[PDB]
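Notes to accompany the following structure.
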Amino acid sequence: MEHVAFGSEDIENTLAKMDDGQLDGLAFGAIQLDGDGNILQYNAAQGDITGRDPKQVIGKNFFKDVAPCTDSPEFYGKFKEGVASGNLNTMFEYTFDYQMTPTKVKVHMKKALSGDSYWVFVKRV
Ligand SMILES: *C(=O)/C=C\c1ccc(O)cc1
């Protein structure tokens with residue numbers, strides 16, 4: 001397993017060295033999006049939670065297609081502001097409930113080290 005704690009201050013630095021293979025070792029969900037909400041990476045842990053297939057969601061809009069239950073001021077609203085500002089680091093509780101059992105999780109959004117990429121870290125609570 002890759003030893004990285006959810007909410008770690010330097011998490012964007014640590015994860016810059018990973019690949020899809022290495023990301024699959026994390027204890028929590030991790031989604032990498034571009035400036036437009038498109039999925040660039042999708043680890044095995046978020047798949048265990050949402051039931052999605054990582055390899056099948058890659059390339060689709062996170063907010064439009066895959067997870068419309070996030071299209072909201074509380075989530076998407078926060079993402080867009082972050083993207084436009086060029087900085088993003090917020091943590092909140094959300095309920096995943098689209099075509100799945102209503103699941104309470106902890107969501108950590110943070111801008112990555114790379115120019116135009118954003119992290120979505122998730123964990124059951
Ligand atoms: C609501 O849709 C919230 C979360 C979520 C995340 C990923 C996937 O694939 C579905 C739903």
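Here, A, B, ... name the chains of the structure tokens in the order displayed, residue numbers run from 1 inside each chain, and ligands are numbered from 1 in the same displayed order.
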Q | 10 Å contact set for residue 118 of chain A, only C-alpha atoms, chain neighbours under 5 positions out, as a ChimeraX atom specification | A | /A:12,31-40,79,82-83,87-89,109-113
(Q) Give me the residues near residue 107 of chain A as a list in words, where near means some atom within 6 Å (using only C-alpha atoms) and where sequence neighbours in that chain fewer than 2 positions away do not count. (A) residues 91, 92, 121 and 122 of chain A
Those residues you just picked out, can you put them in a file as a PDB file, in the first residue's frame with C-alpha atoms?
ATOM      1  CA  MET A  91     -12.814  19.860   2.775  1.00  0.00           C
ATOM      2  CA  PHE A  92     -16.438  18.942   3.311  1.00  0.00           C
ATOM      3  CA  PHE A 121      -9.838  12.878  -2.508  1.00  0.00           C
ATOM      4  CA  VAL A 122     -12.648  10.866  -0.942  1.00  0.00           C
TER       5      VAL A 122
END
Q) Do you know which residues are within 12 Å of ligand 1 using only C-alpha atoms and all ligand atoms? Can you write them as a PyMOL selection string? A) chain A and resi 29-32+39+41-58+60-72+74-76+93-107+120-124
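For the pair atom CA of residue 86 of chain A and atom CA of residue 116 of chain A, the separation is 8.8 Å.
The two atoms in question, atom CA of residue 18 of chain A and atom CA of residue 90 of chain A, are spaced 22.1 Å apart.
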**Q.** helix (DSSP H, G or I) per DSSP on the backbone: members of segment 13-116 of chain A, as a PyMOL selection string
**A.** chain A and resi 13-17+20-23+44-50+54-57+62-66+68-70+76-85
Write the residues of the preceding selection, restricted to N, CA and C atoms, as a compact mmCIF listing (two decimals), in the first residue's frame.
# COMPACT_ATOMS: atom_id res chain seq x y z
N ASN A 13 2.25 17.17 -3.53
CA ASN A 13 3.65 16.90 -3.86
C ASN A 13 3.89 15.39 -3.95
N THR A 14 3.53 14.69 -2.88
CA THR A 14 3.62 13.24 -2.82
C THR A 14 2.93 12.58 -4.00
N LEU A 15 1.74 13.05 -4.40
CA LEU A 15 1.07 12.26 -5.44
C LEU A 15 1.59 12.62 -6.82
N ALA A 16 2.48 13.61 -6.93
CA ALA A 16 2.95 13.95 -8.28
C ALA A 16 3.81 12.84 -8.85
N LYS A 17 4.40 12.02 -7.97
CA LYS A 17 5.29 10.97 -8.45
C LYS A 17 4.54 9.69 -8.82
N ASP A 20 -1.04 5.46 -12.56
CA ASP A 20 -2.34 4.87 -12.22
C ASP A 20 -2.13 3.68 -11.29
N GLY A 21 -1.09 2.90 -11.56
CA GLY A 21 -0.69 1.77 -10.75
C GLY A 21 -0.41 2.15 -9.31
N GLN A 22 0.38 3.20 -9.10
CA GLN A 22 0.71 3.66 -7.76
C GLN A 22 -0.51 4.26 -7.08
N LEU A 23 -1.37 4.94 -7.83
CA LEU A 23 -2.57 5.54 -7.24
C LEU A 23 -3.56 4.51 -6.73
N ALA A 44 -8.67 2.84 -7.89
CA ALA A 44 -9.44 1.66 -7.52
C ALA A 44 -10.28 1.85 -6.26
N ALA A 45 -9.87 2.78 -5.41
CA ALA A 45 -10.59 2.96 -4.15
C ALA A 45 -11.91 3.70 -4.36
N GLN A 46 -11.94 4.68 -5.26
CA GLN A 46 -13.20 5.39 -5.54
C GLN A 46 -14.15 4.43 -6.24
N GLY A 47 -13.57 3.48 -6.99
CA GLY A 47 -14.37 2.46 -7.66
C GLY A 47 -15.07 1.53 -6.68
N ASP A 48 -14.42 1.20 -5.57
CA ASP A 48 -15.02 0.31 -4.57
C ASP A 48 -16.17 1.00 -3.86
N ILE A 49 -16.07 2.33 -3.86
CA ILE A 49 -17.09 3.11 -3.14
C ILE A 49 -18.27 3.45 -4.02
N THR A 50 -18.05 3.93 -5.23
CA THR A 50 -19.16 4.34 -6.08
C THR A 50 -19.66 3.22 -6.97
N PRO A 54 -12.88 2.36 -13.08
CA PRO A 54 -11.93 3.45 -13.31
C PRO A 54 -11.69 3.65 -14.80
N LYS A 55 -11.40 2.55 -15.49
CA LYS A 55 -11.03 2.52 -16.90
C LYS A 55 -12.17 2.96 -17.81
N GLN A 56 -13.39 2.92 -17.29
CA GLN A 56 -14.57 3.26 -18.08
C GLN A 56 -15.04 4.69 -17.86
N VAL A 57 -14.65 5.33 -16.75
CA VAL A 57 -15.04 6.72 -16.52
C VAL A 57 -13.98 7.68 -17.04
N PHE A 62 -17.04 14.76 -15.12
CA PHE A 62 -17.37 14.31 -13.77
C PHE A 62 -18.73 14.84 -13.33
N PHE A 63 -19.03 16.06 -13.76
CA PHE A 63 -20.18 16.83 -13.29
C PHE A 63 -21.40 16.70 -14.20
N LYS A 64 -21.20 16.52 -15.50
CA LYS A 64 -22.16 16.34 -16.56
C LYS A 64 -22.69 14.91 -16.59
N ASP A 65 -21.78 13.94 -16.71
CA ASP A 65 -22.15 12.55 -16.93
C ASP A 65 -22.01 11.62 -15.74
N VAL A 66 -20.80 11.34 -15.27
CA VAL A 66 -20.51 10.37 -14.23
C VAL A 66 -21.22 10.58 -12.90
N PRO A 68 -23.56 13.36 -11.58
CA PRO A 68 -24.42 14.55 -11.61
C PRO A 68 -24.85 15.00 -10.22
N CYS A 69 -24.76 14.10 -9.24
CA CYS A 69 -25.16 14.50 -7.89
C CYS A 69 -24.16 15.45 -7.26
N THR A 70 -23.06 15.75 -7.94
CA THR A 70 -22.07 16.71 -7.46
C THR A 70 -22.26 18.07 -8.12
N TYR A 76 -19.80 21.43 -7.21
CA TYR A 76 -19.40 22.01 -8.49
C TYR A 76 -19.16 23.51 -8.31
N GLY A 77 -20.04 24.20 -7.59
CA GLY A 77 -19.84 25.62 -7.36
C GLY A 77 -18.48 25.96 -6.78
N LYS A 78 -18.03 25.13 -5.85
CA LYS A 78 -16.75 25.22 -5.18
C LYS A 78 -15.61 24.85 -6.13
N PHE A 79 -15.78 23.81 -6.94
CA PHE A 79 -14.78 23.47 -7.95
C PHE A 79 -14.50 24.62 -8.91
N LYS A 80 -15.56 25.18 -9.50
CA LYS A 80 -15.39 26.19 -10.54
C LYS A 80 -14.67 27.42 -10.00
N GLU A 81 -15.02 27.84 -8.78
CA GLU A 81 -14.41 29.00 -8.15
C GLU A 81 -12.91 28.77 -8.00
N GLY A 82 -12.60 27.56 -7.54
CA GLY A 82 -11.23 27.12 -7.34
C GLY A 82 -10.43 27.17 -8.63
N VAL A 83 -11.01 26.60 -9.68
CA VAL A 83 -10.40 26.58 -11.01
C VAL A 83 -10.15 28.00 -11.48
N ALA A 84 -11.19 28.84 -11.45
CA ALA A 84 -11.02 30.22 -11.88
C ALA A 84 -10.02 31.03 -11.06
N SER A 85 -9.93 30.82 -9.76
CA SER A 85 -9.01 31.52 -8.86
C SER A 85 -7.56 31.09 -9.03
(Q) Just the number, please: distance in Å from atom CA of residue 73 of chain A to atom CA of residue 26 of chain A, one decimal. (A) 28.3 Å
Q.
Please identify the strand (DSSP E or B) residues within chain A (assignment by DSSP from backbone atoms) and present them as JSON, numbers by chain.
A. {"A": [29, 30, 31, 32, 33, 38, 39, 40, 41, 42, 61, 89, 90, 91, 92, 93, 94, 95, 96, 103, 104, 105, 106, 107, 108, 109, 110, 111, 118, 119, 120, 121, 122, 123, 124]}
Q.
Would you pick out the contacts of residue 5 of chain A at 9 Å or less, using only C-alpha atoms, so that residues sharing its chain but fewer than 3 positions from it are not included, and give the list as a ChimeraX atom specification?
A. /A:8,11,26-28
